[PDB]
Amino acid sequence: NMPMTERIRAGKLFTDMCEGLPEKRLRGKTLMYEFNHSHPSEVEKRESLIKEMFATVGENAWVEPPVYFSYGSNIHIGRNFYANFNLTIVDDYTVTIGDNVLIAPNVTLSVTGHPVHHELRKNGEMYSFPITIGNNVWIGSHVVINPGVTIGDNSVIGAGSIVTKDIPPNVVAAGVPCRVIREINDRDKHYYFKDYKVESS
């Protein structure tokens, strides 16, 4: 009701069957289908495919296929990135991942949400809001990060949580919905798992 890409940028409802958006996705799903079917030994092909797939990729990135996204060109990753099986990034808009981020299996990231009232989405209306994942963050298995969310630096996201609100840095958050359960302190510098202490050398 004004150019479509102009509304995406302002957070207004839109649809994406025009302005070359439908082809930007085809170019994208085409590079993804090549990465998902690539033989595990095709390490070079893979290492280079992920450079083409994402808009920005820092050095030392590794993504265990398969990966799924809408357009790959809206995803910006930092250094030493590591993602496990089935990462899904619905990136109809900006998705920014910081340095040293670790992603567990089956994680879903989405900047897109639809209007709750069935009347506002008769034609698949949608809204998009940037997701920002800070540095040295660890997202557990089966996590879901919602639109417009920001995970503060160094934080950890419990497996299975649905993140719907900004998450502050240096905390351990979890739950449905996701809540900060505690702050990461010095006790965590010694106790890495349950009752096991890192008898440092």
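For every residue, the number given is its place in the sequence shown, counted from 1.
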Higher avg CA temperature factor (5 to 13 vs 20 to 28, as deposited) belongs to 5 to 13
Higher of the two mean Cα B-factors (169 to 177, 58 to 66; per PDB record) comes from 58 to 66
When the modelled residues of the chain are sorted by Cα temperature factor, does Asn86 land in the lowest, middle or highest third? middle
Within this chain's modelled residues, let me know which third the CA B factor of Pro130 belongs to: lowest, middle or highest. middle
Mind checking which third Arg46 falls in for C-alpha B-factor across the chain? highest
Lowest, middle or highest third of the chain for the C-alpha temperature factor of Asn123? highest
